[PDB]
>>> print(open('data_0.cif').read())   # mmCIF, C-alpha atoms and all ligand atoms
data_target
#
loop_
_atom_site.label_atom_id
_atom_site.label_comp_id
_atom_site.auth_asym_id
_atom_site.auth_seq_id
_atom_site.Cartn_x
_atom_site.Cartn_y
_atom_site.Cartn_z
CA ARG S 1 0.00 0.00 0.00
CA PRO S 2 1.15 3.60 -0.75
CA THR S 3 2.69 5.76 1.99
CA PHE S 4 0.07 8.41 2.74
CA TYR S 5 0.64 11.90 4.09
CA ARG S 6 -1.62 14.64 5.44
CA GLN S 7 -2.24 18.41 5.18
CA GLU S 8 -5.00 20.94 5.77
CA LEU S 9 -6.10 22.82 2.66
CA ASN S 10 -8.71 25.55 3.05
CA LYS S 11 -10.31 24.02 6.16
CA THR S 12 -10.19 20.46 4.71
CA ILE S 13 -7.83 17.54 5.51
CA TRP S 14 -6.22 15.77 2.55
CA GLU S 15 -4.61 12.38 2.97
CA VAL S 16 -2.85 11.32 -0.26
CA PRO S 17 -0.16 8.89 -1.54
CA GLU S 18 3.31 10.40 -1.31
CA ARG S 19 3.53 10.10 -5.11
CA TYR S 20 1.41 13.25 -5.53
CA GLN S 21 3.24 16.38 -4.37
CA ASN S 22 2.76 20.22 -4.41
CA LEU S 23 -1.01 20.08 -3.71
CA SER S 24 -2.35 23.50 -4.74
CA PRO S 25 -6.09 24.39 -4.55
CA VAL S 26 -7.85 25.62 -7.75
CA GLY S 27 -11.52 25.83 -6.60
CA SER S 28 -14.52 23.55 -6.63
CA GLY S 29 -15.15 20.76 -9.10
CA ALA S 30 -18.24 18.55 -9.13
CA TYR S 31 -19.01 17.52 -5.52
CA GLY S 32 -15.68 18.53 -3.92
CA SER S 33 -12.47 20.61 -3.86
CA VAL S 34 -9.82 20.16 -6.57
CA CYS S 35 -6.03 20.36 -6.16
CA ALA S 36 -3.36 20.63 -8.74
CA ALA S 37 -0.57 18.19 -7.89
CA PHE S 38 2.57 16.89 -9.54
CA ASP S 39 2.67 13.14 -10.17
CA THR S 40 6.15 11.83 -9.32
CA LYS S 41 5.44 8.39 -10.85
CA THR S 42 4.87 9.78 -14.29
CA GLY S 43 6.21 13.37 -14.24
CA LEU S 44 2.64 14.40 -15.18
CA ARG S 45 0.65 17.29 -13.81
CA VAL S 46 -2.67 16.05 -12.40
CA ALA S 47 -5.87 17.25 -10.78
CA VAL S 48 -6.95 15.52 -7.57
CA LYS S 49 -10.56 15.82 -6.40
CA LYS S 50 -11.50 15.17 -2.77
CA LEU S 51 -15.14 14.19 -2.68
CA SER S 52 -17.10 16.08 -0.05
CA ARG S 53 -18.79 13.61 2.33
CA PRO S 54 -19.19 10.99 -0.44
CA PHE S 55 -21.54 8.93 1.81
CA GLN S 56 -23.63 11.21 4.07
CA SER S 57 -26.78 10.11 2.11
CA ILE S 58 -28.16 7.80 -0.64
CA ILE S 59 -27.87 10.92 -2.86
CA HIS S 60 -24.11 11.27 -2.05
CA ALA S 61 -23.52 7.58 -1.98
CA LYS S 62 -25.17 6.77 -5.35
CA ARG S 63 -23.54 9.85 -7.00
CA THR S 64 -20.05 8.75 -5.81
CA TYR S 65 -20.70 5.32 -7.36
CA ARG S 66 -21.96 6.98 -10.58
CA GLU S 67 -18.88 9.25 -10.89
CA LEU S 68 -16.42 6.42 -10.37
CA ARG S 69 -18.17 4.05 -12.80
CA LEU S 70 -18.32 6.82 -15.44
CA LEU S 71 -14.67 7.78 -15.03
CA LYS S 72 -13.48 4.17 -15.07
CA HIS S 73 -15.15 3.43 -18.47
CA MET S 74 -14.13 6.52 -20.46
CA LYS S 75 -11.16 5.91 -22.79
CA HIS S 76 -11.17 8.60 -25.41
CA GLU S 77 -8.84 11.48 -26.12
CA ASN S 78 -11.57 14.13 -25.83
CA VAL S 79 -13.25 12.74 -22.72
CA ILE S 80 -11.74 13.08 -19.28
CA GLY S 81 -10.57 9.70 -17.96
CA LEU S 82 -9.52 8.10 -14.70
CA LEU S 83 -5.79 8.30 -14.00
CA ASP S 84 -6.00 7.00 -10.41
CA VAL S 85 -8.49 6.52 -7.52
CA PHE S 86 -7.56 6.11 -3.87
CA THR S 87 -8.64 6.25 -0.20
CA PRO S 88 -6.54 6.17 2.98
CA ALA S 89 -8.91 3.53 4.51
CA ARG S 90 -7.32 0.05 4.78
CA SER S 91 -10.76 -1.71 4.99
CA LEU S 92 -14.50 -1.26 4.14
CA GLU S 93 -15.33 -0.36 7.75
CA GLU S 94 -13.58 2.98 7.78
CA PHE S 95 -14.04 3.73 4.15
CA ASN S 96 -15.06 7.36 4.32
CA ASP S 97 -13.13 9.25 1.63
CA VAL S 98 -12.69 9.01 -2.11
CA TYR S 99 -10.10 11.01 -4.14
CA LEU S 100 -10.20 10.94 -7.97
CA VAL S 101 -7.14 11.66 -10.16
CA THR S 102 -7.25 12.96 -13.74
CA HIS S 103 -4.92 14.85 -16.11
CA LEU S 104 -4.60 18.56 -15.34
CA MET S 105 -5.59 20.61 -18.41
CA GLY S 106 -4.39 24.23 -18.48
CA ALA S 107 -7.78 25.89 -18.26
CA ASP S 108 -11.34 25.63 -19.58
CA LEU S 109 -13.48 27.30 -22.22
CA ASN S 110 -14.79 29.58 -19.50
CA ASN S 111 -11.28 31.08 -19.21
CA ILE S 112 -10.29 31.16 -22.88
CA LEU S 113 -11.01 33.01 -31.26
CA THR S 114 -10.58 32.83 -35.04
CA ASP S 115 -12.69 30.50 -37.11
CA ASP S 116 -10.01 27.83 -37.17
CA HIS S 117 -9.91 27.76 -33.38
CA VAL S 118 -13.69 27.44 -33.43
CA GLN S 119 -13.67 24.52 -35.96
CA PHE S 120 -11.05 22.67 -33.93
CA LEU S 121 -12.58 23.03 -30.47
CA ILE S 122 -16.16 22.30 -31.55
CA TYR S 123 -14.83 19.38 -33.59
CA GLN S 124 -13.31 17.97 -30.42
CA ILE S 125 -16.45 18.31 -28.24
CA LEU S 126 -18.43 16.62 -31.02
CA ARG S 127 -15.91 13.83 -31.25
CA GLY S 128 -15.97 13.44 -27.49
CA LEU S 129 -19.77 13.65 -27.43
CA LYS S 130 -20.26 10.98 -30.02
CA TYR S 131 -18.23 8.65 -27.82
CA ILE S 132 -20.46 9.41 -24.73
CA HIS S 133 -23.71 9.26 -26.70
CA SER S 134 -22.82 5.86 -28.11
CA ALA S 135 -22.59 4.44 -24.60
CA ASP S 136 -26.06 5.99 -23.90
CA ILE S 137 -24.61 8.57 -21.52
CA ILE S 138 -25.90 12.09 -21.96
CA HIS S 139 -24.01 15.01 -20.51
CA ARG S 140 -27.13 17.00 -19.61
CA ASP S 141 -25.12 20.14 -18.54
CA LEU S 142 -22.47 20.81 -21.21
CA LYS S 143 -21.07 24.33 -20.78
CA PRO S 144 -17.81 26.31 -21.18
CA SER S 145 -16.67 25.71 -17.59
CA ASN S 146 -16.68 21.92 -18.00
CA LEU S 147 -14.69 22.01 -21.28
CA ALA S 148 -11.01 21.75 -20.24
CA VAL S 149 -8.31 22.78 -22.78
CA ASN S 150 -4.50 22.60 -23.13
CA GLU S 151 -2.42 25.41 -24.50
CA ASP S 152 -2.46 23.18 -27.64
CA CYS S 153 -6.22 23.96 -27.89
CA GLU S 154 -6.69 20.24 -27.11
CA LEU S 155 -9.93 19.58 -25.24
CA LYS S 156 -11.43 17.11 -22.69
CA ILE S 157 -15.11 17.03 -21.65
CA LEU S 158 -15.59 16.86 -17.87
CA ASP S 159 -18.56 16.07 -15.54
CA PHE S 160 -20.84 14.28 -18.04
CA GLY S 161 -23.70 12.16 -16.68
CA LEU S 162 -24.05 13.81 -13.27
CA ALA S 163 -27.08 16.10 -13.76
CA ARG S 164 -30.40 14.54 -12.72
CA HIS S 165 -32.08 12.17 -15.15
CA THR S 166 -35.63 13.16 -14.01
CA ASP S 167 -38.12 15.13 -11.85
CA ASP S 168 -38.19 12.10 -9.55
CA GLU S 169 -34.64 12.12 -8.19
CA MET S 170 -32.04 14.66 -7.09
CA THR S 171 -28.25 14.25 -7.51
CA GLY S 172 -27.21 17.48 -5.72
CA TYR S 173 -25.84 18.77 -9.03
CA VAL S 174 -26.12 22.44 -10.07
CA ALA S 175 -26.67 22.97 -13.83
CA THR S 176 -26.11 26.35 -15.60
CA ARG S 177 -29.27 27.74 -17.13
CA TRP S 178 -27.66 29.44 -20.15
CA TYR S 179 -26.59 26.35 -22.10
CA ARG S 180 -29.57 24.04 -21.42
CA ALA S 181 -31.78 22.72 -24.20
CA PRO S 182 -35.28 24.21 -23.87
CA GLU S 183 -36.90 20.71 -23.62
CA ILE S 184 -34.86 19.73 -20.48
CA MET S 185 -35.32 23.11 -18.87
CA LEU S 186 -39.07 23.12 -19.18
CA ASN S 187 -39.54 19.32 -19.44
CA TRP S 188 -41.96 20.12 -22.28
CA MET S 189 -41.39 17.34 -24.80
CA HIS S 190 -39.38 14.08 -24.53
CA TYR S 191 -35.61 14.45 -24.55
CA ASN S 192 -32.72 12.55 -26.07
CA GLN S 193 -28.94 12.90 -26.57
CA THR S 194 -29.32 16.00 -28.69
CA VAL S 195 -29.82 18.12 -25.55
CA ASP S 196 -26.03 18.22 -25.53
CA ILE S 197 -26.07 19.34 -29.16
CA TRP S 198 -28.17 22.35 -28.19
CA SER S 199 -25.48 23.10 -25.62
CA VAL S 200 -22.80 22.80 -28.28
CA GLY S 201 -24.80 25.33 -30.29
CA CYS S 202 -24.80 27.91 -27.40
CA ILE S 203 -21.11 27.33 -26.85
CA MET S 204 -20.13 27.73 -30.53
CA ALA S 205 -22.29 30.86 -30.80
CA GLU S 206 -20.43 32.23 -27.79
CA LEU S 207 -16.93 31.49 -29.21
CA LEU S 208 -17.49 33.24 -32.49
CA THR S 209 -19.19 36.32 -31.14
CA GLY S 210 -17.78 36.72 -27.62
CA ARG S 211 -21.38 36.99 -26.32
CA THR S 212 -23.63 34.67 -24.33
CA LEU S 213 -26.30 33.65 -26.79
CA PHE S 214 -29.06 33.41 -24.17
CA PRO S 215 -28.33 34.98 -20.77
CA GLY S 216 -31.83 34.36 -19.32
CA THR S 217 -32.58 35.67 -15.84
CA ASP S 218 -35.05 32.78 -15.13
CA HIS S 219 -36.82 29.93 -16.99
CA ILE S 220 -39.35 32.16 -18.75
CA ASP S 221 -36.95 35.00 -19.68
CA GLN S 222 -34.60 32.32 -21.03
CA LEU S 223 -37.50 30.84 -23.08
CA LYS S 224 -38.10 34.36 -24.32
CA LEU S 225 -34.49 34.92 -25.50
CA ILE S 226 -34.50 31.56 -27.30
CA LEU S 227 -37.74 32.12 -29.16
CA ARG S 228 -36.57 35.53 -30.33
CA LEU S 229 -33.84 33.67 -32.19
CA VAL S 230 -35.27 30.32 -33.28
CA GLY S 231 -38.84 31.71 -33.46
CA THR S 232 -42.03 30.44 -31.84
CA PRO S 233 -42.85 26.75 -32.70
CA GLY S 234 -45.39 25.97 -35.39
CA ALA S 235 -48.27 23.56 -35.25
CA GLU S 236 -45.66 20.81 -35.96
CA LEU S 237 -43.68 21.29 -32.76
CA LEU S 238 -46.66 22.35 -30.60
CA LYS S 239 -48.38 18.94 -31.06
CA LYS S 240 -45.39 17.32 -29.35
CA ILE S 241 -45.84 19.26 -26.09
CA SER S 242 -47.47 17.31 -23.25
CA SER S 243 -47.60 20.03 -20.60
CA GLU S 244 -50.60 22.37 -21.36
CA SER S 245 -49.02 25.27 -19.41
CA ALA S 246 -45.84 24.96 -21.47
CA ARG S 247 -48.04 25.53 -24.53
CA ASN S 248 -49.80 28.55 -23.02
CA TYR S 249 -46.47 30.34 -22.48
CA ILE S 250 -45.66 29.73 -26.18
CA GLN S 251 -48.94 30.60 -27.88
CA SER S 252 -49.27 33.65 -25.58
CA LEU S 253 -45.79 35.22 -25.74
CA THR S 254 -46.36 37.43 -28.84
CA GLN S 255 -45.48 35.23 -31.84
CA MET S 256 -41.71 35.62 -32.50
CA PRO S 257 -40.38 35.20 -36.09
CA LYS S 258 -37.28 33.04 -36.66
CA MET S 259 -34.30 35.27 -37.42
CA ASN S 260 -31.74 35.08 -40.23
CA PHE S 261 -28.75 33.45 -38.65
CA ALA S 262 -26.44 35.27 -41.10
CA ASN S 263 -27.53 38.62 -39.57
CA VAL S 264 -27.12 37.29 -36.07
CA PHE S 265 -23.63 35.76 -36.56
CA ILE S 266 -22.40 38.32 -39.09
CA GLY S 267 -18.89 37.93 -40.50
CA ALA S 268 -18.77 34.30 -39.35
CA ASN S 269 -17.88 31.44 -41.71
CA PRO S 270 -21.12 30.58 -43.63
CA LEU S 271 -20.55 26.83 -43.06
CA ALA S 272 -20.27 27.80 -39.36
CA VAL S 273 -23.68 29.51 -39.65
CA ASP S 274 -25.26 26.42 -41.28
CA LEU S 275 -24.13 24.06 -38.48
CA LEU S 276 -25.59 26.42 -35.88
CA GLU S 277 -28.88 26.32 -37.81
CA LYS S 278 -28.90 22.53 -37.68
CA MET S 279 -27.93 22.63 -33.95
CA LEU S 280 -30.26 25.38 -32.68
CA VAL S 281 -33.69 23.89 -33.41
CA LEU S 282 -36.43 23.34 -30.82
CA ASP S 283 -37.63 19.96 -32.13
CA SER S 284 -35.32 17.45 -30.47
CA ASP S 285 -36.37 14.86 -33.04
CA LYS S 286 -34.94 17.02 -35.87
CA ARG S 287 -31.81 18.37 -34.14
CA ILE S 288 -28.54 17.18 -35.71
CA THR S 289 -26.71 14.39 -33.77
CA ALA S 290 -23.07 14.31 -32.65
CA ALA S 291 -22.20 11.78 -35.35
CA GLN S 292 -24.08 13.63 -38.15
CA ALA S 293 -22.53 16.94 -37.07
CA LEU S 294 -19.09 15.33 -37.42
CA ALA S 295 -19.75 14.95 -41.15
CA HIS S 296 -20.93 18.55 -41.76
CA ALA S 297 -18.97 20.51 -44.32
CA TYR S 298 -17.75 22.89 -41.65
CA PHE S 299 -15.40 20.24 -40.32
CA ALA S 300 -14.02 19.15 -43.71
CA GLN S 301 -10.56 20.04 -42.33
CA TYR S 302 -10.56 17.98 -39.15
CA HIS S 303 -12.99 15.13 -40.18
CA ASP S 304 -12.06 11.46 -40.42
CA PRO S 305 -14.62 8.54 -40.33
CA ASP S 306 -12.09 5.92 -39.01
CA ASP S 307 -10.76 8.06 -36.17
CA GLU S 308 -14.02 9.02 -34.48
CA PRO S 309 -14.47 5.85 -32.38
CA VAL S 310 -17.36 4.79 -30.09
CA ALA S 311 -17.49 3.38 -26.53
CA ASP S 312 -17.66 -0.19 -25.29
CA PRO S 313 -20.95 -1.48 -23.80
CA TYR S 314 -21.57 0.41 -20.51
CA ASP S 315 -23.67 -1.15 -17.66
CA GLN S 316 -25.74 1.48 -15.91
CA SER S 317 -28.56 -0.60 -14.47
CA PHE S 318 -27.29 0.65 -11.12
CA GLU S 319 -29.10 3.85 -12.06
CA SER S 320 -32.51 2.30 -11.56
CA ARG S 321 -31.97 0.85 -8.07
CA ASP S 322 -32.96 1.96 -4.56
CA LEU S 323 -30.25 0.78 -2.19
CA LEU S 324 -28.99 1.72 1.26
CA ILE S 325 -25.92 3.99 1.73
CA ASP S 326 -24.05 0.88 2.90
CA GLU S 327 -24.79 -0.94 -0.34
CA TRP S 328 -23.56 2.03 -2.47
CA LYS S 329 -20.55 2.44 -0.21
CA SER S 330 -19.50 -1.20 -0.67
CA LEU S 331 -19.97 -1.13 -4.45
CA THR S 332 -17.83 2.04 -4.74
CA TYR S 333 -15.14 0.36 -2.63
CA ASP S 334 -14.97 -2.78 -4.79
CA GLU S 335 -14.58 -0.47 -7.82
CA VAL S 336 -11.72 1.25 -5.97
CA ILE S 337 -10.03 -2.10 -5.21
CA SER S 338 -10.40 -3.50 -8.74
CA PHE S 339 -8.91 -0.35 -10.31
CA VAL S 340 -5.83 -0.74 -12.57
CA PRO S 341 -4.04 2.40 -13.95
CA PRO S 342 -4.07 3.11 -17.73
CA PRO S 343 -1.08 1.63 -19.69
CA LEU S 344 2.03 3.85 -19.38
CA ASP S 345 4.44 3.18 -22.28
CA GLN S 346 8.05 4.36 -22.87
CA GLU S 347 6.79 7.68 -24.36
CA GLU S 348 6.72 10.96 -22.39
CA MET S 349 3.57 13.10 -22.67
CA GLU S 350 2.80 16.79 -21.77
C1 LIG S 401 -10.35 16.13 -10.76
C2 LIG S 401 -11.57 15.79 -11.59
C3 LIG S 401 -12.24 14.63 -11.30
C4 LIG S 401 -13.34 14.27 -12.05
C5 LIG S 401 -13.87 15.07 -13.07
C6 LIG S 401 -15.07 14.54 -13.78
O1 LIG S 401 -15.48 14.89 -14.89
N1 LIG S 401 -15.75 13.56 -13.19
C7 LIG S 401 -16.87 12.99 -13.83
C8 LIG S 401 -18.00 12.42 -13.21
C9 LIG S 401 -18.76 11.99 -14.25
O2 LIG S 401 -18.09 12.28 -15.39
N2 LIG S 401 -17.04 12.84 -15.14
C10 LIG S 401 -13.20 16.27 -13.35
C11 LIG S 401 -12.06 16.61 -12.62
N3 LIG S 401 -11.37 17.80 -12.85
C12 LIG S 401 -10.25 17.80 -13.65
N4 LIG S 401 -9.58 18.89 -13.89
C13 LIG S 401 -9.90 20.09 -13.33
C14 LIG S 401 -9.10 21.22 -13.54
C15 LIG S 401 -9.47 22.39 -12.94
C16 LIG S 401 -10.61 22.50 -12.11
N5 LIG S 401 -10.91 23.74 -11.51
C17 LIG S 401 -10.69 24.84 -12.50
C18 LIG S 401 -10.95 26.23 -11.89
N6 LIG S 401 -12.29 26.24 -11.21
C19 LIG S 401 -12.44 27.53 -10.52
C20 LIG S 401 -12.42 25.14 -10.22
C21 LIG S 401 -12.28 23.78 -10.95
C22 LIG S 401 -11.41 21.37 -11.88
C23 LIG S 401 -11.06 20.18 -12.50
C24 LIG S 401 -11.84 18.94 -12.28
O3 LIG S 401 -12.84 18.94 -11.57
CL CL S 402 -25.84 19.66 -21.88
#
>>> encode(input="data_0.cif", output="C-alpha cells", more="lines below")
Ligand SMILES: Cc1ccc(C(=O)Nc2ccon2)cc1-n1cnc2ccc(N3CCN(C)CC3)cc2c1=O
Ligand SMILES: [Cl-]
Amino acid sequence: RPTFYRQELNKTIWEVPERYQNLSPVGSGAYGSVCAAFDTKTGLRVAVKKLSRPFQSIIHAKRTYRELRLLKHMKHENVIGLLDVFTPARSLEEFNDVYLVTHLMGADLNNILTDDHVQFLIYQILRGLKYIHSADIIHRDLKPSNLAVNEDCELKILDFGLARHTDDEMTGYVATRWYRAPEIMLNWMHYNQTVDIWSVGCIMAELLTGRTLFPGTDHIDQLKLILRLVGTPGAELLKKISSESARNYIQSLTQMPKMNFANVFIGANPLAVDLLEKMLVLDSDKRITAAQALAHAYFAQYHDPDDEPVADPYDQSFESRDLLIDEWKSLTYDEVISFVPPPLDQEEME
C-alpha cells in the first residue's frame, strides 16, 4: 500500500499517496475541492478531487458510485478519464473518503477566437460527445466551464452524466441555465442525446461572437431569449408538447419570427452559420446528432470517419436501483479495489 501523508487545505484535511506532491487548490469541481498536484510516478501534472462527504446520504452515496463508474469506463482522447483513484482507509469499515485523479488541463473554455480555433474546439467536443452518446450517456449540462483545454487547444469534456435524469430524483448537481436545451429546462417534450447538441450550439455561438447567446434571468426570460432567435414553434412542434401550461407560455408570448442566422452571426464562416442552424432547433427529433454533425462541411478540415471511435458497452442498471448507503458504499469500494491504472508506455507526454 502507498505511503500516505496529510495536510489541511482551506479548512479540509487531505490524505494522499506520497507520489502526488505540491497540492495547490484551484476551486470547486463537481461535488468537492480540486487540487493541482505533480505526479512523481509519471512526471505528469494532475488534478486531484476530494469528494465532499461521499456517503452522508443515498444521494451522495449513489452519485459517488456513478462518478467512479463513469470515469473508469471513459477511454477517449476528448473525454476526461480516470488516471487513479484512492482512499486512505485500509478496509471497508472505515471507508469514508474518495479522491479521484485525472490529467490537469491548463484551463477551460470559460477562461479562454478565429474560425479555425472554433472549428477545432467544436470538432473535439463533437468527437468526445459521439463517444459518450454511443454508450447511452448524456451530458445533460455541457457548458464552457466543463470544457477543459490545453495550450495546444486540445480539449477534454468533464462532468458528463451527473445532472439529474428526471423530476423524480435529485443528484445534488447544479446545472447552468444558459446552455440548457429548452426541452430539459421546461420538461416540455421528450428528450434525447441532442440536448447536448443544443449546448454545443450555445457554446459555438459564444466562441465566435464573444457573447452569451441566451443569458436568461429565469426559466421564462430564457424561453423568451431563445424564441426571439429560433422563433415560436409551429403547429408541428406544438403537437409534441405534453404540458398544457408549457403551450400557453408559447402561444401567448407574442409570436416571434425566426431570425436570419447570417444577420445574427455576421462575418462568421457561412458553413459555421449552417451548423448552428442545424444545432439550434427546438424539435429534439430534428436536431442534428453528434455523429451527423461530425460529417458537416464545416469540419471538412478535421474530419475522419475511421478516427471518431465509439465506446464499449456500458452497464448502468445501477441507475434504476434503490439501495442503502451501505450498499452504495461497498460497491464504490470494490470499484476502488479493482482499479488498474491506464497503460504507461516508454513515451513521455505533456
Ligand atoms: C479532478 C476531476 C475529477 C473528475 C472530473 C469529472 O469529470 N468527473 C466525472 C463524473 C462523471 O463524469 N465525469 C473532473 C475533474 N477535474 C479535472 N480537472 C480540473 C481542472 C481544474 C478544475 N478547476 C478549475 C478552476 N475552477 C475555478 C475550479 C475547478 C477542476 C477540475 C476537475 O474537476
Ligand atoms: Cl448539456
>>> closest_atom_pairs(input="data_0.cif", of="stretch 168-282 of chain S", to="stretch 143-149 of chain S", cutoff="10 Å", atoms="all atoms listed in the file", output="Markdown table")
| residue | atom | partner | partner_atom | distance |
| --- | --- | --- | --- | --- |
| S:175 | CA | S:143 | CA | 9.0 |
| S:176 | CA | S:143 | CA | 7.5 |
| S:177 | CA | S:143 | CA | 9.6 |
| S:178 | CA | S:143 | CA | 8.4 |
| S:179 | CA | S:143 | CA | 6.0 |
| S:180 | CA | S:143 | CA | 8.5 |
| S:196 | CA | S:143 | CA | 9.2 |
| S:199 | CA | S:143 | CA | 6.7 |
| S:200 | CA | S:143 | CA | 7.8 |
| S:202 | CA | S:143 | CA | 8.4 |
| S:203 | CA | S:144 | CA | 6.6 |
| S:204 | CA | S:144 | CA | 9.7 |
| S:206 | CA | S:144 | CA | 9.3 |
| S:207 | CA | S:144 | CA | 9.6 |
>>> residues_near_ligand(input="data_0.cif", ligand="ligand LIG 401 (chain S)", cutoff="9 Å", atoms="all atoms listed in the file", output="ChimeraX atom specification")
/S:25-36,46-50,63-64,66-71,74,79-82,99-108,111,139,145-146,148,157-162
>>> closest_residue(input="data_0.cif", among="S:91, S:212, S:301, S:110", to="residue S:336", atoms="only C-alpha atoms")
S:91
>>> atom_distance(input="data_0.cif", atom1="atom CA of residue S:126", atom2="atom CA of residue S:311")
14.0 Å
>>> atom_distance(input="data_0.cif", atom1="atom CA of residue S:340", atom2="atom CA of residue S:84")
8.0 Å
>>> closest_residue(input="data_0.cif", among="S:349, S:279, S:294, S:163", to="residue S:184", atoms="all atoms listed in the file")
S:163
>>> residues_around(input="data_0.cif", residues="stretch 254-264 of chain S", least_positions_apart="2", cutoff="12 Å", atoms="only C-alpha atoms", output="VMD selection string")
chain S and resid 205 to 206 208 to 209 211 213 223 to 234 248 to 252 266 to 282
>>> write_last_selection(input="data_0.cif", atoms="C-alpha atoms", output="PDB file, keeping the file's coordinate frame")
ATOM      1  CA  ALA S 205     -22.290  30.860 -30.800  1.00  0.00           C
ATOM      2  CA  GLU S 206     -20.430  32.230 -27.790  1.00  0.00           C
ATOM      3  CA  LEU S 208     -17.490  33.240 -32.490  1.00  0.00           C
ATOM      4  CA  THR S 209     -19.190  36.320 -31.140  1.00  0.00           C
ATOM      5  CA  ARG S 211     -21.380  36.990 -26.320  1.00  0.00           C
ATOM      6  CA  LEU S 213     -26.300  33.650 -26.790  1.00  0.00           C
ATOM      7  CA  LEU S 223     -37.500  30.840 -23.080  1.00  0.00           C
ATOM      8  CA  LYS S 224     -38.100  34.360 -24.320  1.00  0.00           C
ATOM      9  CA  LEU S 225     -34.490  34.920 -25.500  1.00  0.00           C
ATOM     10  CA  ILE S 226     -34.500  31.560 -27.300  1.00  0.00           C
ATOM     11  CA  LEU S 227     -37.740  32.120 -29.160  1.00  0.00           C
ATOM     12  CA  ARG S 228     -36.570  35.530 -30.330  1.00  0.00           C
ATOM     13  CA  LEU S 229     -33.840  33.670 -32.190  1.00  0.00           C
ATOM     14  CA  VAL S 230     -35.270  30.320 -33.280  1.00  0.00           C
ATOM     15  CA  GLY S 231     -38.840  31.710 -33.460  1.00  0.00           C
ATOM     16  CA  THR S 232     -42.030  30.440 -31.840  1.00  0.00           C
ATOM     17  CA  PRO S 233     -42.850  26.750 -32.700  1.00  0.00           C
ATOM     18  CA  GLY S 234     -45.390  25.970 -35.390  1.00  0.00           C
ATOM     19  CA  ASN S 248     -49.800  28.550 -23.020  1.00  0.00           C
ATOM     20  CA  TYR S 249     -46.470  30.340 -22.480  1.00  0.00           C
ATOM     21  CA  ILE S 250     -45.660  29.730 -26.180  1.00  0.00           C
ATOM     22  CA  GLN S 251     -48.940  30.600 -27.880  1.00  0.00           C
ATOM     23  CA  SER S 252     -49.270  33.650 -25.580  1.00  0.00           C
ATOM     24  CA  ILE S 266     -22.400  38.320 -39.090  1.00  0.00           C
ATOM     25  CA  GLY S 267     -18.890  37.930 -40.500  1.00  0.00           C
ATOM     26  CA  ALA S 268     -18.770  34.300 -39.350  1.00  0.00           C
ATOM     27  CA  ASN S 269     -17.880  31.440 -41.710  1.00  0.00           C
ATOM     28  CA  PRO S 270     -21.120  30.580 -43.630  1.00  0.00           C
ATOM     29  CA  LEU S 271     -20.550  26.830 -43.060  1.00  0.00           C
ATOM     30  CA  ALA S 272     -20.270  27.800 -39.360  1.00  0.00           C
ATOM     31  CA  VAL S 273     -23.680  29.510 -39.650  1.00  0.00           C
ATOM     32  CA  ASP S 274     -25.260  26.420 -41.280  1.00  0.00           C
ATOM     33  CA  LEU S 275     -24.130  24.060 -38.480  1.00  0.00           C
ATOM     34  CA  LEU S 276     -25.590  26.420 -35.880  1.00  0.00           C
ATOM     35  CA  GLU S 277     -28.880  26.320 -37.810  1.00  0.00           C
ATOM     36  CA  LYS S 278     -28.900  22.530 -37.680  1.00  0.00           C
ATOM     37  CA  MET S 279     -27.930  22.630 -33.950  1.00  0.00           C
ATOM     38  CA  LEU S 280     -30.260  25.380 -32.680  1.00  0.00           C
ATOM     39  CA  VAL S 281     -33.690  23.890 -33.410  1.00  0.00           C
ATOM     40  CA  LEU S 282     -36.430  23.340 -30.820  1.00  0.00           C
TER      41      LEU S 282
END
>>> atom_distance(input="data_0.cif", atom1="atom CA of residue S:124", atom2="atom CA of residue S:341")
24.5 Å
>>> residues_around(input="data_0.cif", residues="residue S:167", least_positions_apart="2", cutoff="12 Å", atoms="all atoms listed in the file", output="PDB file with C-alpha atoms, in the frame of the given file")
ATOM      1  CA  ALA S 163     -27.080  16.100 -13.760  1.00  0.00           C
ATOM      2  CA  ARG S 164     -30.400  14.540 -12.720  1.00  0.00           C
ATOM      3  CA  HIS S 165     -32.080  12.170 -15.150  1.00  0.00           C
ATOM      4  CA  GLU S 169     -34.640  12.120  -8.190  1.00  0.00           C
ATOM      5  CA  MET S 170     -32.040  14.660  -7.090  1.00  0.00           C
ATOM      6  CA  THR S 171     -28.250  14.250  -7.510  1.00  0.00           C
ATOM      7  CA  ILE S 184     -34.860  19.730 -20.480  1.00  0.00           C
ATOM      8  CA  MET S 185     -35.320  23.110 -18.870  1.00  0.00           C
ATOM      9  CA  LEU S 186     -39.070  23.120 -19.180  1.00  0.00           C
ATOM     10  CA  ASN S 187     -39.540  19.320 -19.440  1.00  0.00           C
TER      11      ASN S 187
END
>>> residues_around(input="data_0.cif", residues="residue S:194", least_positions_apart="5", cutoff="8 Å", atoms="only C-alpha atoms", output="ChimeraX atom specification")
/S:284,287-290
>>> closest_residue(input="data_0.cif", among="S:42, S:114, S:134, S:119", to="residue S:303", atoms="only C-alpha atoms")
S:119
>>> closest_residue(input="data_0.cif", among="S:65, S:318, S:198, S:328", to="ligand CL 402 (chain S)", atoms="only C-alpha atoms and all ligand atoms")
S:198
>>> residues_around(input="data_0.cif", residues="residue S:96", least_positions_apart="5", cutoff="8 Å", atoms="all atoms listed in the file", output="ChimeraX atom specification")
/S:53-55,87,89
>>> closest_residue(input="data_0.cif", among="S:59, S:246, S:197, S:44", to="ligand CL 402 (chain S)", atoms="only C-alpha atoms and all ligand atoms")
S:197
>>> build_atoms(input="data_0.cif", residues="stretch 63-67 of chain S", atoms="N, CA and C atoms", output="tab-separated table (two decimals), in the frame of the given file")
chain	number	residue	atom	x	y	z
S	63	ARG	N	-24.32	8.92	-6.19
S	63	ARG	CA	-23.54	9.85	-7.00
S	63	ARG	C	-22.01	9.57	-7.02
S	64	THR	N	-21.44	9.19	-5.89
S	64	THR	CA	-20.05	8.75	-5.81
S	64	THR	C	-19.86	7.51	-6.70
S	65	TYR	N	-20.74	6.52	-6.53
S	65	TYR	CA	-20.70	5.32	-7.36
S	65	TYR	C	-20.76	5.68	-8.84
S	66	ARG	N	-21.80	6.43	-9.22
S	66	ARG	CA	-21.96	6.98	-10.58
S	66	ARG	C	-20.65	7.59	-11.12
S	67	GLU	N	-20.08	8.55	-10.40
S	67	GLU	CA	-18.88	9.25	-10.89
S	67	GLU	C	-17.77	8.27	-11.18
